[PDB]
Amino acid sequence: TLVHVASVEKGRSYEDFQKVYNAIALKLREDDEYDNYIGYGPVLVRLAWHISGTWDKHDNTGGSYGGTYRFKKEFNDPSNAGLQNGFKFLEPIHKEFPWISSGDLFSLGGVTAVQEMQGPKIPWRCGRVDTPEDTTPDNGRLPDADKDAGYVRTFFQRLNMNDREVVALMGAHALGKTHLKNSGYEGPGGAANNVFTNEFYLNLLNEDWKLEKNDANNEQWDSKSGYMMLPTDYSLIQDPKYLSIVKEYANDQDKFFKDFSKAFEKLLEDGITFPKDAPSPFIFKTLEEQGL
């Protein structure tokens, strides 16, 4: 097992990272046309998850620490198709703040997107350090979408996530859309595509889902409202243990926010050793809170 010790960018503190957060948040507001006016929030959340989701608890390979998405093997992962849009969004931010590590930037993009979309506060820690190209994990560590509840449960054990953590994390599927050209799936998960709510769970329980084939010849569950669920999403109401948790989150917005915040921070920090004297996690103010 590799050890990755968090190392604070030299001399930086909360205020420096709040400036980076603010730059990301301002660009999120500015570049509003993207993806038929969804904006960049959802793709930034997906990027933060995919750079973290390569982690393997068994040997501490992959994970957000090394910023390895910047290397061709990882950014060309078929599982990452479309994330180049998020990377391009972050490029001017990195140019303005060249001192931030790549892993810190990609993970902070996800935190900023969740909060700016009115989601929960997500505490965030700095100190990821870029590692060399040979530390890039091979393709194939991110999950397939065509599988069942047992696949999802087993998959997430590798990321040290339990049933509650898995169901909470999947609530991010309220955001954005599937794009046929990226993933072979098409459509949004609900009405509020760029506002962070518990709608994923409500839609799973309340919509009338039909199992259909899309134009890429893949199965997905579709509702007459024009929403979709991946087979892996739908598995959360097929498995009785997942179903209980889906119902809980559909009925308690605050509980979902609190559990999502914990699981998402954990996801973004998997693989990182934080020294005992490392700074406490930062909680960034939103632009709205700052009057900006």
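For clarity, a rigid core is taken as the largest C-alpha set superposing within 1.5 Å between two forms. All residue numbers refer to positions in the sequence shown, first residue = 1.
Visitor: Could you tell me which of the two stretches, 181-189 or 98-106, has its Cα atoms lying farther from the shown structure in 8 other deposited structures of this protein after fitting on the rigid core?
Guide: Per-stretch check in 8 other deposited structures of this protein: the more divergent one is 181-189.
Visitor: Using RMS Cα distance over all structures and residues, flag whichever of 67-75 and 191-199 lies farther from this form in 8 other deposited structures of this protein after a core fit.
Guide: Comparing 67-75 with 191-199, the larger C-alpha deviation in 8 other deposited structures of this protein belongs to 191-199.
Visitor: So, looking at the entry's B-factor column for Cα atoms, which has the higher mean, 25-33 or 51-59?
Guide: Comparing 25-33 with 51-59, the higher mean C-alpha B-factor belongs to 25-33.
Visitor: Look over 140-148 and 169-177 in the entry and identify the one with the greater average Cα temperature factor.
Guide: Of 169-177 and 140-148, the stretch with the higher C-alpha B-factor average is 140-148.
Visitor: Which is it among 118, 79, 101, 162: the one with the largest CA B-factor in the entry?
Guide: The C-alpha B-factor peaks, among 118, 79, 101, 162, at 79.
Visitor: When you compare the CA B-factors of 198, 135, 157, 112 as listed in the entry, which one comes out on top?
Guide: Answer for 198, 135, 157, 112: 135, with the highest C-alpha B-factor.
Visitor: Rank-wise, by C-alpha B-factor, drop residue 224 into the lowest, middle or highest third of its chain.
Guide: Its C-alpha B-factor belongs to the highest third of this chain's values.
Visitor: Could you look up the Cα B-factor of residue 18 in the entry and say which third of the chain it sits in: lowest, middle or highest?
Guide: Within its chain, residue 18 is a lowest-third residue by C-alpha B-factor, going by the deposited values.
Visitor: By the record's CA B-factor, is residue 184 among the lowest, middle or highest third of residues in the chain?
Guide: As the PDB entry reports it, the C-alpha B-factor of residue 184 lands in the middle third of its chain.
Visitor: Report the third (lowest, middle or highest) to which the CA temperature factor of residue 64 belongs, ranking only the modelled residues of the same chain.
Guide: It belongs to the middle third of the chain when residues are ordered by C-alpha B-factor.
Visitor: Is residue 272 in the lowest, middle or highest third of its chain when residues are ranked by C-alpha B-factor?
Guide: Middle third - that is where residue 272 ends up once the chain's C-alpha B-factors are sorted.
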